[PDB]
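Below is one structure; the comments refer to it alone.
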Ligand code: HEM
Ligand SMILES: CC1(C)[C@@H]2CC[C@@]1(C)C(=O)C2
Ligand SMILES: [K+]
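Here's what the structure looks like:
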């Protein structure tokens, strides 16, 4: 329902948007959120949904807030408030200066140097997965590629058994798009229940995997603690199992519906990197936020200490103030403005791995299956939350138009 309106919030700024079930979801999740950018909606609004919280609707305010960590703290980054309070992953739940020291360590397992260590396996997996599907002329993209590709790469990197994916994927989804069976706190507890023993084992008998590296790592010259390691590894699981997985489906859904855009990349493959960037803007999918550390007047609005504010990374690039004709996909768009990977000191550290997985997927897919479409009569459904996604994506194609490599 709707939580009572705090006395410091003026009635004209109330817009009851539900980030976990937006009213215009049928038109597409990005379109659902874009309602916040209509001519009749203020730059900053208050929603009584999910306990009550502010929402910045424009790239300008979103960027500004992510830059000002003194006023907008990451200590409580998720909505509902109970989820934000329970959230303690590292380095995301910390503000500078303390946060910085952990970014260096994290970068050792998800940064550019880790992309080169797995460059070959990434290539091989994408090709093998796609070739296996090619002759079928059909597939359920979400489960047949979107999930297995990024997830298997992560599990390999982290040295975890593939048979554990179903369980880990369930827990992760409860922290971003809960089905109601588990509170964030419960999902977090379960994730740690899984990680604690593995961290202890890899600290006594270190390995070359991501978990061993973090567990036996150093932060600004001193040994990382078991607790810190646990909180960092938790974030790695979540980013490994619920980020690229969702973005790939949005991208393929669009490509299946746009023969002209597929054609463009087939005739001009060198434009794939640029197309990846434009797709990251058009189909941005993350939305978390911060908590006010004190009373603060922001753009004429009085924010009270403790107030939660959602700063949708998704909205910056969809904002027409940032990009003309924002809902249109233009691979030749001049300045692709967006905050899909975040903004401020918490800028995504795994963006190099993400882009590689995306670019490799587009290249190797169009190479083998250049002509495909959404299954006849199929109605694609999306889902909204901290990270948005696609429920299912049935694709079809004529095997005769495919090429085996
Ligand atoms: C398209 C895929 C991805 C998107 C859209 C994405 C987006 C983001 C965003 C929005 C943030 C900042 C959140 C905040 O400020 O509270 C972030 C942080 C982070 N991401 Fe990504 N991410 C993606 C993939 C990944 C992957 C694959 C990894 C790991 C290999 C990863 C690792 C991280 C880490 C470690 C942080 C936390 C950095 C910090 O808090 O200092 N991300 N990501
Ligand atoms: C908001 C995010 C996308 C960012 C990385 C995974 C995520 C869900 C977090 O908890 C941090
Ligand atoms: K917290």
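Numbering (the authors' numbering), first residue to last: 10 to 414.
From the three backbone atoms N, C-alpha and C, an ideal C-beta is built for every residue, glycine too.
Check	Outcome
Indicate the three-state DSSP secondary structure (helix, strand or coil) for residue 259 in the structure shown.	helix
I'd like the list of long-range same chain contacts for residue 286, defined as Cβ closer than 7 Å, with 5 residues on each side in sequence excluded.	345
Bridge partners for residue 274 per DSSP, in chain order?	Answer by DSSP bridge pairing: none, since residue 274 is not bridged.
Give me the residue from 94, 162, 52, 193 with the minimum Cα distance to residue 74.	52
Return the CA-CA distance between residue 327 and residue 232, expressed in angstroms with no decimal places.	43 Å
Closer than 6 Å to a non-hydrogen atom of ligand 1 - does that hold for the CB of residue 81?	no
With DSSP collapsed to three states, give me the class of residue 348.	coil
Any idea what DSSP makes of residue 332, helix, strand or coil?	coil
Are the beta-carbon atoms belonging to residue 186 and residue 351 less than 7 Å from one another?	no
Can the beta-carbon of residue 228 be found less than 7 Å from the beta-carbon of residue 114?	yes
With 16 other CB atoms within 10 Å as the buried threshold, where does residue 66 fall?	buried
Which of helix, strand or coil does DSSP assign to residue 308?	coil
Does the region 54-62 come within contact of the region 79-95, defined as at least 3 CB pairs closer than 8 Å?	yes
Using a Cβ-Cβ cut-off of 7 Å (strictly less than) and excluding sequence neighbours within five positions of residue 296, which residues of its own chain qualify?	28, 319, 321, 322, 323, 395
State the Cα-Cα distance for the pair residue 240 and residue 225, rounded to the nearest angstrom.	14 Å
List in chain order: all unbroken beta strand (DSSP E) runs of 3+ residues lying wholly within the region 147-213.	147-149
Taking the alpha carbon of residue 102 as the point to measure from, which residue in 83, 292, 45, 118 has its own alpha carbon closest?	83
Mapping the DSSP letters down to three states, classify residue 81 as helix, strand or coil.	strand
If you reduce the DSSP assignment to three classes, tell me which class residue 297 lands in.	strand
Provide the residue span of the alpha helix (DSSP H) that contains residue 406, from first to last.	No alpha helix (DSSP H) holds residue 406; DSSP gives it neither H nor E.
Could you tell me whether the Cβ atoms of residue 142 and residue 136 are closer together than 7 Å?	no
Got a sec? Which residues, its chain only, sit under 7 Å from residue 347 by beta carbon, not counting five neighbours each side?	289, 290, 293, 325, 326
Within the present structure, is the beta-carbon of residue 297 separated from the nearest heavy atom of ligand 1 by less than 6 Å?	yes
Pull up the CB-CB distance for residue 119 and residue 245, whole angstroms please, since I reckon it's below 8 Å.	7 Å
For residue 362, which three-state DSSP category applies?	helix
The alpha helix (DSSP H) with residue 124 in it runs from where to where?	121-142
Tell me, please, whether the region 301-317 touches the region 34-47 by the rule of three or more beta-carbon pairs shorter than 8 Å.	no
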